[PDB]
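Chains as they are written, first to last, in our numbering: chain U, 1 to 634; chain L, 1 to 135; chain V, 1 to 238; chain F, 1 to 246; chain Z, 1 to 440.
Just so it is clear, CB atoms sit at the ideal spot from N, CA and C, and this is done for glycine as well.
One structure is given below, encoded as structure tokens.
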Amino acid sequence: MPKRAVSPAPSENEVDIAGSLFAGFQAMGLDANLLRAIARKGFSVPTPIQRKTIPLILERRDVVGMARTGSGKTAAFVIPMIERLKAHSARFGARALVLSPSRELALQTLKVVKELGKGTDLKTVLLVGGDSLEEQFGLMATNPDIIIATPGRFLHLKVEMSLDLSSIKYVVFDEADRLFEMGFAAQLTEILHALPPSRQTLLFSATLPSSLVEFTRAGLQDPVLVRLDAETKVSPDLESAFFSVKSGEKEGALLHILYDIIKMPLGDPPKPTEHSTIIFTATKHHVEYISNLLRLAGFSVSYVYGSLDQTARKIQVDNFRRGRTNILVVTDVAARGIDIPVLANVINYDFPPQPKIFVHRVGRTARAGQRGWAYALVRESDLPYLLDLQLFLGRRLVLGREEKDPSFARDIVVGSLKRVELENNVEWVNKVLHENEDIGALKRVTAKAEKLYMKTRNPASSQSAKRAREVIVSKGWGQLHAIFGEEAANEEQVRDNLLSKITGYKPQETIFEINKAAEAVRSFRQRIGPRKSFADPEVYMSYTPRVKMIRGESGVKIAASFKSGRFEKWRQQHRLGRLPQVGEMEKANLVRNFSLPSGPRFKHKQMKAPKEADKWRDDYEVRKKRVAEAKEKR
Amino acid sequence: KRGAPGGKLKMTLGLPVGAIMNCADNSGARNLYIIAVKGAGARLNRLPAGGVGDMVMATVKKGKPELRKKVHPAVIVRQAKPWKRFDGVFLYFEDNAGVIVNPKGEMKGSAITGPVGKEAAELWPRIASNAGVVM
Amino acid sequence: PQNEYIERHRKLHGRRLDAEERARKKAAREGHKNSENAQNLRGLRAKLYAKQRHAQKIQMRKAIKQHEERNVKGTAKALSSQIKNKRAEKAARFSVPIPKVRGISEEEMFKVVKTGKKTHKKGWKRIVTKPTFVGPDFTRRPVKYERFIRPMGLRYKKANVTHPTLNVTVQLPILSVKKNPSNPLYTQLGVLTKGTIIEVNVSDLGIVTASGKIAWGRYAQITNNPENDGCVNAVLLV
Amino acid sequence: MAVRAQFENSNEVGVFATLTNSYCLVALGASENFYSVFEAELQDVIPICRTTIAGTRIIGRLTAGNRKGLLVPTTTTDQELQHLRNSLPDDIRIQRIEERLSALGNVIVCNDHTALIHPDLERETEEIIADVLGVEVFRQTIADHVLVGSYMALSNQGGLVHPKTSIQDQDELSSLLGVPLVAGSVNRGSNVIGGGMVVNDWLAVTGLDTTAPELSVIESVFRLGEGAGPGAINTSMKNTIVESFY
Amino acid sequence: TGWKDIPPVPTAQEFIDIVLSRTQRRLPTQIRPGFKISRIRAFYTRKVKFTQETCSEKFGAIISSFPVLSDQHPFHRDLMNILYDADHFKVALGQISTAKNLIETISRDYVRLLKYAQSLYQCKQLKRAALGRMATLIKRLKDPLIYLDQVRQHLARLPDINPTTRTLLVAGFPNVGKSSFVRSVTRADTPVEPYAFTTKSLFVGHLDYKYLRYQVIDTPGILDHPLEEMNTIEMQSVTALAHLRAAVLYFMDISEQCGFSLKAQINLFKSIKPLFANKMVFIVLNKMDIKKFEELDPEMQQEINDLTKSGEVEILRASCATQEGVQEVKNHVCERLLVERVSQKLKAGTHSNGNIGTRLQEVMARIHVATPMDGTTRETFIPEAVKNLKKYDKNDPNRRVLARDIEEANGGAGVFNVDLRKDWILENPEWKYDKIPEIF
RNA sequence: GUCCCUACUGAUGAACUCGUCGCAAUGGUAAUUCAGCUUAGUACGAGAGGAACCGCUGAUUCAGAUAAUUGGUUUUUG
RNA sequence: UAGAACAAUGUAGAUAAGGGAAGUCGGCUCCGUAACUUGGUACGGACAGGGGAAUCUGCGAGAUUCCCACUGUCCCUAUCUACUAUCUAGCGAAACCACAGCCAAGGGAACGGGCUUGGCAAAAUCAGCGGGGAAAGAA
RNA sequence: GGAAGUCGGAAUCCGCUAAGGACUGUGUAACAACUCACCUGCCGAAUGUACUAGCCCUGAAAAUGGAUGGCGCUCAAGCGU
Ligand SMILES: Nc1nc2c(ncn2[C@@H]2O[C@H](COP(=O)(O)OP(=O)(O)OP(=O)(O)O)[C@@H](O)[C@H]2O)c(=O)[nH]1
């Protein structure tokens, strides 16, 4: 049943830099306590995102930050938060609020904020699913200053207390790209409607989907969207090759890359490795298929796909960063989620629809002046997207071996592969598919996924399609890759002449002509036989540019505003009094009644009395005494 | 080919759709979750169920994280719901347990923890090979 | 097997021992079977069979007459092809990016006007159901006609125009509606009915005038009912 | 002499059969094709008995024994024991044992000289096997697989072990058993050698899906079909093996 | 595996009849003028849409069933290009795709028209208009459907050629003895007729040697012409020769019985060698019965020897009529293919880094034999009846009675009742068939 | 801004002396699908693969019974 | 108002008492001591635990196995509330009522209950009741 | 490549004539072979092509069981005078 039960978990990662249409620490001037906390943490120099963002946040401007995971966005918005709050407030009502996608991300934010505010009297609360709604009631009674929450639970508690958020002045959206991918849009909009207009809005993300751009335009007051510069210029130290590959030879071509074009050692390796190969794919089914195929071939491979378990992703990523696995296969969304260290080797299995997505996946490497390699497998159907990539990068295309020494780093050089081994590899793939049934089932699943992904993938441009047809007609599509060698160029050419002049044959008559059908074919042939600078550069205006609905926790459809009253019943349960209205001093007796446990939070909390002792049972008196102890504890 | 066993006699089915199960092999999963039964007949609101030796489709709920949240065929080897064998013997097991098996009938693991049902051992020759206790 | 194995098996072992007799009997029984079919089977299948046998006998009679004659004895496609190749080459080469965005349509304009005006007078809207031609993508109509709504699904922009003397039909753009001889209001709004005079672009035909000149627009009478037939057919008045 | 057969349509011969140097046990079911193949290969040279164990057809995986004796699990009933005793000559001692691990054919592999057992059998069972079979019983796991009865086939002329046994494990096992061992596959890649084959000093019966290269390997290892079959054939004509099982 | 599973392609009239009958018989066909205008619109738009998705499903099946020429192996691509004119193939497929698109657009426009219709007459006319316009489209796509049907039939009959496997390309001049060897070596029914271009396609047969499976591809026949003025069937052969990693067996005909000259045969082989650049070339003197090699002119002998003195092109001898040496040439070529492929596989396993591959070490583990160090063997208790035994043979008249024969004589499979006490060896033979007391 | 009549269907019933054993006008009507063994790795097929008739054994649903056995329910207040 | 039969029901609404199911983002640092500038640095110790059910060896460092999450979600079980009732002795209404009351076709006025011509059709009752004997007015 | 009337394009004649097409189909890889067209011998007397006019079948049908009023009617108890 649950094969494609809902949808391919990694859908797409759409990015819009047209969203650009929005518009030391001591030298930055932080408080002494915050400075000592940062010194304890070890943030000697702020990361580039911090350096560009924190001054703006201190200048009280709403900002959207394009930054990779692990760039330090968490501290980037927590340090200004602590600097702004700087003390616990005796007036009831919180003013710091952050919305995070998942509980793990929320806990990471909790750890960051605690370590960055050790000593300061700020009260920070976590509000995520799986915890007791009563416990969250008690924490709101403790009256925190900072709220770190997941939006669904946030609305649940919002509806349950009818809380007043007018005191909130500081609002942060962490990983809003994940928020919108998981589908938090409507409830986020209702949160925004609840929030007072007089607030400072921070939004940290790695990508800017058009939905997120519209949300920012709707909810942000003059956003000074930010970004870096490694998110534009493909590091010139990146050297790229493109391989014309066939559908049935795709896996064989991927291993020739690994074997003869990369010299990838087999077995467990004896901080990434010297090789450091990442593989970017189209869906999780390709992820599993390629991972298992590589593992059978003998390659130390870790796989990370979209809807993978948290612990599993953690283990695989930790192995890749420690160098226990040298190949890492990711789709797009898992890649964006995981913090990828410096890489030397990038392989694009399925071509990306967006040249900007290609730019991200290749800026994954060739960093800090260290040279990087990018090999991309392209098919005839993906050739228009390759040409769109050409237009985006403004580089020249070299097809096959039109130039003797093409510069693969600055030129987009496309070629085929060593026919000899390519075939010895494709035969191996066919053999393993015929032998291992699990691999065959996986291959069929990825075939269906390929069909679905081709159906749902965004289209190319008309000019790209036309010139793709022209390239396919041209000779440059079918010869070797410049890398191989001029001697190969010699030997390939020794017979390529006759081979090509055989491939380019126009039959005089079909085997059917060799009846009414024969007459129809002859008429068909007769019908469809072949058909018989000067400008001023200074001023030449050119053409190209230079009851509302929300989903509940149970998943069953639930109305937007449904006050179950169980908060009032909570009040009745624990005989409490009226909650402190916004502004009134925190009530220490209620704080002591419901403040917090003694530290570590266990989960295993059932105290059940044992069954009544039986005389015929062996441990009669012992069971009787434990039952007596249980009734004494009550 | 649908994994419906042939020659299976009537016995009481006590493991309906959506049923939590122990995992008896060394494959890396601890529990399974029956969602569908092979060879079942859709009646009005009738929940399909399977007895010892019947192939089902199960999803792992706990175990090795790499295999977690994955769906595999399985065949059940131990059933706590009592049923009668043709020698007139009504019997039941301590828990509910099965083993992950490919659609042809081969096990992913290499050993079975605990006894194996006689019906499953007779229907699937591989389980008879990977079984140490047969009752 | 790998090749023409049925003829291979035929050449090695032959046919069934009564295939030829079976075929001859079936061919002889064809006449009785045809009469039985014509007199018995009933309901849309008779209608289909009858309409078929009519076509077959007409074809057979024409073939017999042609054979008798020959035994006794001892352009519009070209013009249309020229037009289509001219258009195809123009489109293929001389295409460069240029702004072209259509204004929002009369339906959502009316919806916005309704949002601006609470009290809806009964029957304040009446959608024009007959097919129309508008021209410009966006236009603000006068108050006099600001209450006729012409749907996009009914709007047309091209018509199949037939030239009699140069006997050929060409799909040509519609320039303007000159007279609809059923209602002056329909003429003003662009309602497209039968026998309707429209102005059609005759650029691709290449009509030479008395001054030797090339025609770029002529009158055409629409001669069908576009409301019933989802297309516009007109005959040039030349 | 290596032959191919199926019980009903299943390639697993060792599940439904048990072959030794003095008797043959065949699962009883429907037709007589399996019994006929076995008798046409053993034309009354040794007794062949249509038997059921614990009311099952898995007699091959439920029975363990050699030319000198036969052992059955405690679940086997007195009528089945009477059938076995009446069909088998007096030169063969039959005994029923109360092993916790009832799958004797899966936990014990025994030739006429040595037996390899699951390391978790009882002491009483270990020396009762040593008594009934009159062999040397060793506890060991092959290829980290604890079911030696299903993962190894043994004879007095050779032994076929799990395809993924290491060289150290293989030569250690060869040292203890005293016969050559080769890691090979049966029934087109299946790893259950014991469950897919019964073999004795002059006969092997495998499944119909067993490929020609691995059948030749089987014949060479067990020295079958007269010829030579020392295993030196396997060493010499390595081209077939490297091409087929690459 | 093959292309026999491509669904049949109907003609234009059959397609129209299928689609317009499905829409007639799978939907209700009675609406009344006294019903609501909304329900009339719904009825007619349902009819139009249903016809649309029916046509779209059939066209999509046609587009997706036929193999894509791009993603095929080069041999198959060139073979289909020669046999079917990939240009016309793509043209017809594009016509099908464009017709699908236009049918979809027609359906959309007429659905809008039906939305804005106000009479049952108008909805009827608009429905008949839509279905009628689409039928015009199919009638226009009459001829491509016929071409697609013919190509589908030939593709379903086409042999399965495995591009990357142990293969013997059997080639030569016409009437040399190609089919005569292929039938002698394999079970392929390839006509051996004494006329010229008897074989009009590639035939494939299968062989077993040293427990390995071999493919043998009989080619039609090549004449002495440049590769540009070259006929279709024999370019099918040259494509087979050009895109198959193989051992090419070129047949030579010493006699002039073939109909061609020795010098012409040498010229043709020299012309085709560039395609046999690295493929293993074995020229075997076919028809060595009539004119043996010894009875041959010395300068021609020396030309053949000079042909030997080039690369690893070697010449053998066989008569495919006297069953003389076809066996020997078979074993020679098959063994040398085996040794070449094992050499290549071991080289591929041994990488420049020096690390032995997983597959290579698995092969080593499977090929190693373990022997006890003590060097002592174990006794074998084999009875003498085994050596004094007689093979059972089903064709023998006086066989053993056998259980299959007795059960077939005494009933069937679920009818014969077996007596389990027949083999009971007891003290007294009459004590069998005795009922055992069990409970007292 | 508006408890009765009849239909269905059991269960009774006066008149023919009561009772026993029967006939059968008319009305209703019931079985359904799949799998396994043998045929048979046979016909067919280059290969890959791959049936059917006779015979035999089961299972799904539907229908009509039943309480040996095995579970469940206790106002038996045992 | 009292006797007989079996008499513990069902529905609905509330109620934190429990269970089955569905969804998931569910299962798996601190104290003391020593130097340094009030806060950090190293060393030592503890933490990152219980409850219930069980199994195996001779209470035993006893060893081994299984279960503990929330949800504005559904259902079920549990408590409370209200209405829930066959016959017999006595007493004893009301609504409603032109007359009636078996079907099918036809009876131009989207009209049939009485007419045509057809199916048919046998007293008097009891219980169950799910059909009919109620409906428009039209821009 | 092969194409002999019959995979294809164009012309499509003459002789013998009783008559025979540079061929109407089957068939061969091509032949070959059969067959049709046309002609002769036997038979022996009316045929056979296209239309028209009656009656009849078909020319479309759903959904409770029913209707030339019903039974029923066939050289009528139907149709025409
Ligand atoms: N005497 C003799 N005749 C042979 C020999 N090989 C083939 N022939 C004859 O050659 C004729 C047919 O040869 P094929 O095998 O069909 O020739 P081919 O090279 O396959 O070419 P195709 O004719 O196109 O199939 C028959 O008459 C055979 O008897 C041979 O070795 N000796």
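heavy atom of ligand 1 below 6 angstroms from residue i C-beta
i	result
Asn231 (chain Z)	no
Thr198 (chain Z)	yes
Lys178 (chain Z)	yes
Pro8 (chain U)	no
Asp289 (chain Z)	yes
Inter-residue spacing [alpha-carbon to alpha-carbon] between residue i and residue j
i	j	result
residue 648 (chain U)	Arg364 (chain U)	Residue 648 (chain U) cannot be examined here, being either before or after the span of chain U that is shown, 1 to 634.
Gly74 (chain V)	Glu68 (chain V)	11 angstroms
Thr376 (chain Z)	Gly134 (chain F)	20 angstroms
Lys624 (chain U)	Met607 (chain U)	17 angstroms
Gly132 (chain Z)	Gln95 (chain Z)	19 angstroms
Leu42 (chain F)	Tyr259 (chain U)	53 angstroms
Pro1 (chain V)	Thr510 (chain U)	22 angstroms
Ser180 (chain Z)	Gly325 (chain Z)	13 angstroms
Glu362 (chain Z)	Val242 (chain F)	9 angstroms
One or two residues paired with residue i in a DSSP bridge
i	result
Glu136 (chain F)	F:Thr114
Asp174 (chain U)	U:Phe204
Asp218 (chain Z)	Z:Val170, Z:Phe203
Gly29 (chain F)	Bridge partners of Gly29 (chain F): none, in fact.
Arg50 (chain F)	F:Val26
Expected contact under 8 angstroms - CB spacing of residue i and residue j to nearest Å
i	j	result
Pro163 (chain Z)	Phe75 (chain Z)	5 angstroms
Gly50 (chain L)	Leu15 (chain L)	6 angstroms
*What residues in the region 129-143 of chain Z bring their beta carbon closer than 9 angstroms to a beta carbon of chain V?*
Contact annotation: in the region 129-143 of chain Z, residues whose CB is within less than 9 angstroms of a CB in chain V are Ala129, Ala130, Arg133.
*asked:* Any C-beta of chain U within less than 7 angstroms: which residues of the region 87-111 of chain V qualify?
replied: Result list: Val96, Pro97.
_Residues of the region 132-166 of chain F with Cβ closer than 7 angstroms to any Cβ of chain L, in chain order_ = Cβ contacts with chain L come from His145, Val146, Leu147, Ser150.
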